[PDB]
Amino acid sequence: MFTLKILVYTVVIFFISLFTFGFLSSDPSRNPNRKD
Amino acid sequence: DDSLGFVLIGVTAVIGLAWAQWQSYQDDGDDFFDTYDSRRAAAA
Amino acid sequence: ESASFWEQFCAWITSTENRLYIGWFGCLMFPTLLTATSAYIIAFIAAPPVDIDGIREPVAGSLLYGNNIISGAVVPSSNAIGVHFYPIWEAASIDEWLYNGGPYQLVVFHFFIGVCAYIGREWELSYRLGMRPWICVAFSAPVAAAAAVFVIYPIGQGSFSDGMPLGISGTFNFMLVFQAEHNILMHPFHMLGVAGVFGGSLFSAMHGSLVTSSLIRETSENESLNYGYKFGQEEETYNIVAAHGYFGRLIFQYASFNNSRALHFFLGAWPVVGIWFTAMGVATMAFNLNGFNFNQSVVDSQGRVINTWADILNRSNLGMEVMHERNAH
Amino acid sequence: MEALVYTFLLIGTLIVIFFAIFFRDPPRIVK
Amino acid sequence: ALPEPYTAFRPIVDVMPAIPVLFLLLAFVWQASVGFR
Amino acid sequence: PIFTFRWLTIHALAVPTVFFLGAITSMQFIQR
Amino acid sequence: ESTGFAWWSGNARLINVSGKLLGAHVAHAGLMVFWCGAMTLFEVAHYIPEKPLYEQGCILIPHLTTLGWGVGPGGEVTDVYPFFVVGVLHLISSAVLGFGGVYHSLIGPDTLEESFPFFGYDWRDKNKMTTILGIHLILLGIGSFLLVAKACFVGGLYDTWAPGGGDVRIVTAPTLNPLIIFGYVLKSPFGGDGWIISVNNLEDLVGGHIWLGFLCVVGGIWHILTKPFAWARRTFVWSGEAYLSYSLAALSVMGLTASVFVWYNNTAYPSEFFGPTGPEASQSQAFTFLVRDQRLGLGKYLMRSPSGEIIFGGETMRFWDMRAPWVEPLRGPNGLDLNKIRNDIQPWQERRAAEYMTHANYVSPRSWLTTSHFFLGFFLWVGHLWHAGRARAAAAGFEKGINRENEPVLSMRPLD
Amino acid sequence: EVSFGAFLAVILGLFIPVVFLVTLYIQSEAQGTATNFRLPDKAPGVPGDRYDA
Amino acid sequence: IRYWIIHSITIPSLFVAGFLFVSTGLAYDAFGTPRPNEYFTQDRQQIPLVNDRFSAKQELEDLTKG
Amino acid sequence: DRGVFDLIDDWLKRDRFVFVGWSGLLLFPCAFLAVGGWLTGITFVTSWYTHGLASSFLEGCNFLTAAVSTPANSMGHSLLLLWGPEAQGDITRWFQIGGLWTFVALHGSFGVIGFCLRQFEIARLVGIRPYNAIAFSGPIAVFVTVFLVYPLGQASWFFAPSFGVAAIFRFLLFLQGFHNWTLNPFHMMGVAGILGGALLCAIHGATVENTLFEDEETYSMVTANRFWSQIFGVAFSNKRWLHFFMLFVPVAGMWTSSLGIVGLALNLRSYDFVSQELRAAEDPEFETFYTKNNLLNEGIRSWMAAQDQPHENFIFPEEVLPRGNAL
Amino acid sequence: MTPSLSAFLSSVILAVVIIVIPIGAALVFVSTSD
Ligand code: CLA
Ligand code: CLA
Ligand SMILES: CC1=C(/C=C/C(C)=C/C=C/C(C)=C/C=C/C=C(C)/C=C/C=C(C)/C=C/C2=C(C)CCCC2(C)C)C(C)(C)CCC1
Ligand SMILES: CC1=C(/C=C/C(C)=C/C=C/C(C)=C/C=C/C=C(C)/C=C/C=C(C)/C=C/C2=C(C)CCCC2(C)C)C(C)(C)CCC1
Ligand SMILES: CCCCCCCCCCCCO[C@H]1O[C@H](CO)[C@@H](O[C@H]2O[C@H](CO)[C@@H](O)[C@H](O)[C@H]2O)[C@H](O)[C@H]1O
Ligand SMILES: [Fe+2]
């Protein structure tokens with residue numbers, strides 16, 4: 001039961017961290033009207 | 001593992017070090033005067 | 001010199017060449033919506049009955065326990081839980097988790113996160129394709145309605161048990177109980193929502209009939225007219241002036257939308273604003289700000305009450321209300 | 001066997017949806 | 001229950017809440033007077 | 001003076017509307 | 001129309017015009033203060049001394065009596081003169097703000113960039129924008145300390161949890177330990193925990209305001225003296241619409257939080273001027289009925305919670321986490337103690353619950369505040385979506401539509 | 001009480017129109033008319049070229 | 001010019017005619033709408049409902065009299 | 001042209017402030033009388049002698065509660081003509097027995113016939129296909145089935161909807177309580193069409209306005225197809241199929257729900273699942289949301305029947321009134 | 001001739017002489033005039 005909590009916590013934090021660090025990876029530049 | 005901050009710290013470290021490796025070759029030190037930064041270094 | 005793993009990951013995530021766009025919002029959307037879908041399918045097919053009331057009489061909602069597709073539902077969480085966070089690891093057994101309506105909480109929370117991330121993903125793809133970003137604002141209205149029906153009404157009522165069940169007959173039961181307790185039919189915001197939905201259907205059928213009526217001839221005698229349009233063509237596929245003349249002569253000439261842009265803004269705006277207002281009505285009735293009460297509004301000279309149609313509606317509400325309060329006293 | 005029929009119908013609908021998404025007619029832009 | 005030396009200012013008090021609303025209608029009539037410029 | 005189709009149509013609406021509007025106003029002063 | 005915006009989007013013409021933008025903002029602030037003063041005067045003009053504040057549709061006066069102005073023991077309203085002086089002070093301050101706003105909008109400088117370089121700004125000047133944010137953060141941190149002055153030195157705050165029925169209590173020992181404060185901030189938002197809404201004492205409130213004021217003043221100093229870092233510069237959009245969108249998202253979060261706050265919390269919104277909460281009214285009905293049952297000659301009214309708790313049964317068992325100042329003297333370690341119920345019951349505790357049960361066409365001011373600020377919070381989230389999308393698309397350069405010559409989709413590979 | 005006639009109504013009410021649609025599409029593929037991304041008919045009975053061609 | 005002078009007389013006359021159609025009680029008699037003092041009578045304490053189709057005219061007259 | 005018929009035809013189709021046509025000879029008087037009859041009823045005419053209700057502005061009702069109520073149940077399916085054997089020329093007795101309802105319904109029914117003929121006439125005059133007339137057949141089918149076919153299968157005109165806001169609200173709860181109309185699959189197809197039509201209106205208006213060209217076609221169909229293919233999985237590629245679909249789904253929703261109302265006229269309702277009802281009878285612990293709904297339908301029926309049908313003189317004691325306290 | 005039958009005959013006659021014939025005459029007049 002605690003192991004399931006561990007795995008769910010790890011998965012949730014992994015996906016949230018993917019979202020957060022992805023939007024920090026110069027997201028406004030990833031657009032087709034980029035200057036250079 | 002009484003507190004559950006080890007999962008938070010550990011996973012955000014692993015993805016954070018991957019993001020830090022990408023950030024290392026970003027030549028973002030110079031400041032820009034624009035609405036958004038168009039500079040993004042690709043292929044290392 | 002070698003590109004970092006994070007750069008390749010960011011290039012693949014925000015790639016516009018994927019069959020389904022993923023994006024950073026999709027990094028939240030896809031796992032949450034997939035676990036909500038899997039949990040909903042499993043709980044709909046096989047799940048033991050949930051004691052929603054608390055008086056140890058459970059409600060069967062799964063197909064394996066004597067339900068069909070119409071009557072089957074994922075029953076809301078138990079009244080004992082209320083608005084408590086109830087994951088699987090907080091229950092003593094899986095049997096107790098299924099008995100208290102935990103799958104409802106799991107599916108509802110993952111679905112809510114998924115639809116908010118769907119709004120963000122719609123903005124994200126609109127940004128990667130270089131188009132204007134207001135489709136997500138249009139999708140914010142059914143998301144607001146789902147939020148009011150699944151999260152915000154349980155917050156106001158203090159329990160996830162009176163949230164809308166994830167089923168057809170459960171949806172009808174929610175509607176009847178909500179009408180009994182709040183008189184949503186006489187709420188002005190539900191009137192605005194019905195106006196938005198009815199008008200949206202009217203304007204959709206009207207615009208579709210107007211465009212279908214004035215299609216320019218490009219096909220043969222009995223060939224399907226849809227081959228007359230080429231995907232990616234520049235010229236108009238229908239005669240705009242003929243449709244405008246028909247609509248002007250149909251009611252009056254000043255009401256014809258001479259601009260297709262203003263007409264399409266009106267089409268996109270009317271049901272969205274209507275659904276926004278009905279969502280805000282449902283969420284405001286959660287905090288007991290009920291609809292219009294026109295009960296006993298007509299009396300004679302001697303004080304006797306002359307009923308109106310609102311009194312008959314109130315009688316129906318009273319019948320549903322006294323049947324809802326199962327052994328409350 | 002009613003629940004079996006219901007499950008078969010729902011799974012078949014999801015299979016049809018999967019085929020309609022991923023094995024759709026590929027859109028080609030006219031020249 | 002207004003204070004005693006200002007009880008004669010009771011009628012003007014009830015219309016004080018509605019002044020912010022008519023400021024919004026003031027913007028609409030100003031544009032309508034200028035011809036929606 | 002003017003008795004054309006334009007005159008007959010809009011007087012068929014305006015004449016009962018104003019009469020009904022006066023009747024509605026009178027109902028506001030009925031003590032009930 | 002030559003600016004690109006029609007009359008229905010006319011305030012969008014003031015994005016680059018800094019002086020007129022300042023005039024519009026100061027005029028709107030004057031309107032806010034004018035409404036504040038006018039509502040305070042309206043509420044004191046219609047105030048009936050015998051009735052409680054929540055029976056007269058009062059929203060502004062209940063906030064003022066929570067700060068210890070014109071209050072008595074048990075929540076009695078004594079003198080409406082402090083409320084009157086607060087309303088007239090806001091009314092006088094509104095005329096100053098209205099005149100300054102109309103001056104800066106009409107006859108002031110159009111763009112205060114060529115003159116007054118301290119007040120002139122550009123939306124892309126990341127150093128200048130952090131300075132304004134730092135100054136206003138310092139001002140907000142000072143304002144948070146004004147509540148601390150009102151709580152520890154000037155008069156006191158009405159402590160509804162004081163024994164005997166509540167009183168204006170001076171706080172001398174605020175909770176300065178950051179573990180409790182930031183555990184309140186990091187608390188779960190579900191039932192039982194309740195995030196920051198479960199602040200159940202004045203000490204945690206004033207200590208959290210001390211910590212917030214210190215954080216805001218050091219953050220304001222920091223934002224004045226520093227510049228955005230490289231990650232922040234590469235992440236955000238530097239334009240007026242973008243900053244408006246960020247503020248809209250924040251304000252939407254605050255609106256929803258305050259709606260649920262006034263719906264649930266009993267400390268910052270005591271049940272003597274705002275009325276009982278929904279759970280409070282339900283448990284008041286159950287408790288009063290149990291009192292009548294015990295007086296006129298108990299498992300019929302109570303039940304055994306599985307967590308070792310004694311709580312009221314029936315439909316009100318879902319509100320077992322409700323904490324009230326008139327239940328706690330009868331609540332021991334395991335919940336409702338039967339001996340404490342039969343013996344320690346006091347006449348002040350039974351009148352409150354007798355009043356709350358019949359005040360569950362009446363709409364409570366809690367319901368009005370909750371519904372109105374929830375409506376505003378949701379629509380401000382919608383406005384955040386609109387302005388964030390428009391700011392990002394206008395910064396990238398395709399907010400006016402797709403270029404027919406270089407269409408981005410036509411240059412991509414086919415999907416399948 | 002498994003209603004025997006109801007089982008046939010669900011089965012045959014699903015099988016027969018699915019069969020009719022599947023048979024129509026397969027002979028459409030054989031004739032080269034099973035796509036909407038093609039030009040209108042050049043001649044009676046002659047389908048137009050595909051957009052990719 | 002004559003547009004306004006007609007509508008300065010006929011329009012107030014029509015509004016007045018509507019006002020004195022309800023305030024004089026003529027609207028109650030014309031449409032059969034009961035006044036607030038005649039919803040019930042002394043000899044009739046229940047709701048007066050028509051129970052026969054072809055005697056509906058006669059039934060209403062012997063029930064609304066007085 | 002040549003012949004008196006041709007001058008009338010030319011005058012009726014002449015471009016004026018409002019088109020008349022030959023259909024206007026039927027549409028304009030019938031629609032004016034139906035709307036004028038409805039406005040007369042909600043202002044002056046009562047429902048005291050038919051329903052035991054006040055339903056006019058004269059009696060103190062507002063716009064939400066005023067209605068033109070249905071005739072008395074004793075009238076049956078009578079046409080209730082002003083000169084008919086019920087009113088016998090008495091305009092006052094005609095108003096009291098509910099003759100204004102049949103006036104509004106019959107003139108309204110010929111009004112919507114004239115409007116659909118008007119759609120056919122202007123389409124022939126302009127020269128376009130008559131798809132707006134086919135789309136209006138949806139509202140025609142809904143009006144005909146609900147206001148005419150449903151009372152014609154029932155006992156009388158009394159059980160038809162009354163022309164009012166709160167009166168329509170009663171009709172919604174009446175058909176739920178007495179017919180379990182929400183559980184009917186034809187209403188379900190109607191809800192899908194009407195909610196789908198509102199979805200199609202919102203999603204098409206947003207897509208066109210958000211794929212516009214900065215200024216032939218005003219928006220990018222290729223960009224719109226690419227966006228929805230990656231967001232939703234499928235997307236429209238044919239503009240003509242997209243607009244037929246915007247016609248089809250709300251109109252098909254009107255037509256599918258009208259077929260179920262015809263069944264409801266003869267009480268051929270989808271009230272119960274028999275196997276689920278039998279299993280709950282033998283096993284009292286069995287309970288689903290469908291079984292809870294049938295309990296609420298019993299609560300609707302018994303608690304409204306005393307006042308919704310006052311002609312029956314229902315006297316229900318408190319013992320027989322269903323309650324949650326007796327399960 | 002019962003009163004209902006006489007009422008029906010009167011209704012038919014009234015419809016023809018108040019609705020049909022006046023509208024037709026007005027249409028003929030305005031069509032020959034314009
Ligand atoms: C602090 C909040 C704030 C600020 C400073 C702005 C600022 C701006 N907005 Mg943004 N917005 C906000 C909140 C805000 N908005 C919210 C909450 C929403 C969601 C509804 C939006 C959605 C929005 C849209 C869709 C648009 C803007 C636009 C604009 C710009 C033009 C202003 C304008 O059009 O006024 C004009 C004001 C009016 C015409 C009057 C509006 C009154 C409406 C019709 C009724 C509102 C209800 C009101 C309370 C009355 C109710 C009465 C009731 C009793 C019946 C300007 C930059 C425009 C923009 O995008 O271009 C740059 C534009 O098109 N906003
Ligand atoms: C909170 C409300 C508010 C405020 C403060 C502003 C502010 C402003 N607007 Mg906006 N606007 C609003 C709401 C507001 N707007 C709404 C709801 C709409 C939709 C109708 C608009 C549509 C709009 C358009 C289309 C334009 C503006 C423009 C402007 C600016 C120039 C004003 C001007 O030239 O007026 C002149 C007005 C008058 C001469 C008549 C009013 C006279 C004064 C101001 C009345 C003050 C009364 C008050 C009691 C005085 C107290 C003083 C006393 C205390 C001493 C100004 C900064 C313009 C612009 O953006 O830049 C130039 C412009 O073109 N607005
Ligand atoms: C710019 C502009 C605008 C805006 C404006 C504004 C917004 C304004 C504001 C203003 C303001 C906001 C003002 C205020 C005022 C106030 C006043 C003027 C005051 C006075 C006071 C007094 C007089 C008082 C007295 C008293 C006392 C003392 C006691 C009690 C009684 C009494 C109350 C009487 C608009 C939109 C319109 C338009 C465009 C332009
Ligand atoms: C007063 C008081 C209190 C409090 C205190 C405190 C101390 C507070 C604080 C608070 C806090 C401390 C807060 C915080 C917040 C935060 C937030 C809200 C965040 C957000 C974030 C964001 C917004 C971001 C985003 C993003 C991402 C994620 C990615 C990338 C992109 C971006 C950047 C956009 C208490 C309750 C105790 C008591 C009573 C009184
Ligand atoms: C800022 C937006 C906030 C949105 C919150 C929701 C607001 C929309 C709700 C509209 C109906 C609210 O209705 C609530 O207030 C009305 C105030 O007159 C009252 O409703 C009643 O008002 C009058 C008597 O007081 C009478 O006309 C009626 O009996 C009834 O309309 C009731 O107190 C309650 O039914
Ligand atoms: Fe279109």
Side-chain angles (χ1 to χ4, degrees), chain C residues 300-301 304 306-307, chain I residues 25-66, chain J residues 37 40-41 44-56 58-59 67-107 151-152 154-160 162 307-315, chain K residues 1-15:
Chain C
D300 77 356
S301 72
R304 297 201 45 169
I306 313 297
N307 291 147
Chain I
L26 194 50
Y28 296 97
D29 321 306
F31 294 91
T33 313
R35 283 139 174 125
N37 48 281
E38 64 206 56
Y39 273 107
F40 302 91
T41 69
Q42 300 84 270
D43 48 348
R44 207 241 308 131
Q45 258 42 246
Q46 75 266 309
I47 287 178
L49 291 178
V50 202
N51 331 293
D52 183 15
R53 192 176 148 175
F54 307 110
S55 92
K57 194 188 187 180
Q58 168 48 228
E59 208 173 5
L60 279 166
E61 295 158 320
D62 62 65
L63 165 157
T64 52
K65 48 167 190 65
Chain J
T40 300
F44 303 107
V45 187
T46 187
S47 320
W48 183 234
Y49 306 98
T50 49
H51 291 245
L53 311 167
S55 63
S56 80
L58 190 53
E59 304 169 281
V68 176
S69 298
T70 52
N73 182 70
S74 51
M75 307 288 112
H77 304 115
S78 184
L79 292 172
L80 283 200
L81 319 159
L82 178 52
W83 53 89
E86 296 91 13
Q88 279 146 308
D90 209 331
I91 183 78
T92 291
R93 309 287 176 238
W94 188 66
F95 283 134
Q96 286 168 329
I97 65 172
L100 192 44
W101 188 90
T102 44
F103 183 85
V104 169
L106 286 171
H107 279 95
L152 279 178
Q154 285 309 316
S156 62
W157 295 123
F158 182 88
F159 300 107
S162 309
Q307 268 146 75
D308 186 56
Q309 329 186 23
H311 47 90
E312 302 263 353
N313 289 299
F314 287 137
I315 303 290
Chain K
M1 191 141 84
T2 75
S4 55
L5 175 69
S6 193
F8 167 76
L9 291 181
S10 303
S11 86
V12 170
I13 290 159
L14 281 202

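All heavy atoms count here, side chains included; hydrogens, waters and symmetry mates do not. Per chain, numbering begins at 1; letters A, B, ... match sequence-line order.
Annotation: side-chain contact (heavy atoms from CB on, under 4.5 Å) contacts of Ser10(K) (sequence neighbours excluded): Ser6(K). Residues that satisfy the ring pair (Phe, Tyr, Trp, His ring centres under 6.0 Å) test with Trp94(J), not counting sequence neighbours, are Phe103(J). In this view, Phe314(J) and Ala305(J), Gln309(J), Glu312(J), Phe316(J) satisfy the side-chain contact (heavy atoms from CB on, under 4.5 Å) rule, not counting sequence neighbours. Under the side-chain hydrogen bond (donor to acceptor under 3.5 Å, both in side chains) criterion, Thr92(J) pairs with no residue at all, not counting sequence neighbours. Annotation: side-chain contact (heavy atoms from CB on, under 4.5 Å) contacts of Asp300(C) (sequence neighbours excluded): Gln302(C), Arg304(C), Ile306(C), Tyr39(I), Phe40(I). Every residue was checked against the ring pair (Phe, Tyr, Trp, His ring centres under 6.0 Å) condition with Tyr49(J), not counting sequence neighbours, and none meets it. Every residue two or more places apart in sequence or in another chain that forms a side-chain hydrogen bond (donor to acceptor under 3.5 Å, both in side chains) with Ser47(J) is listed here: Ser55(J), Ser69(J). Residues that satisfy the side-chain hydrogen bond (donor to acceptor under 3.5 Å, both in side chains) test with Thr70(J), not counting sequence neighbours, are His51(J). With sequence neighbours left out, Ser78(J) forms a side-chain hydrogen bond (donor to acceptor under 3.5 Å, both in side chains) with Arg53(I), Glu86(J). For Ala30(I), the side-chain contact (heavy atoms from CB on, under 4.5 Å) partners are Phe21(I), not counting sequence neighbours.
Residue pairs meeting the salt bridge (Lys or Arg N to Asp or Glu O under 4.0 Å) criterion with at least one partner in residues 29-38 of chain I, sequence neighbours excluded, are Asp29(I)-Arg35(I).
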Let me have the donor-acceptor pairs involving side chains of residues 58-66 of chain I, under 3.5 Å, with sequence neighbours excluded, atom names and distances please.
| from | atom 1 | to | atom 2 | distance (Å) |
| --- | --- | --- | --- | --- |
| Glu59(I) | OE1 | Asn51(I) | N | 3.4 |
| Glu59(I) | OE2 | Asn51(I) | ND2 | 2.7 |
| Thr64(I) | OG1 | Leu60(I) | O | 2.5 |

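One finds the CG atom of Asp308(J) at 11.0 Å from the CG atom of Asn307(C) (value rounded to the nearest 0.5 Å).
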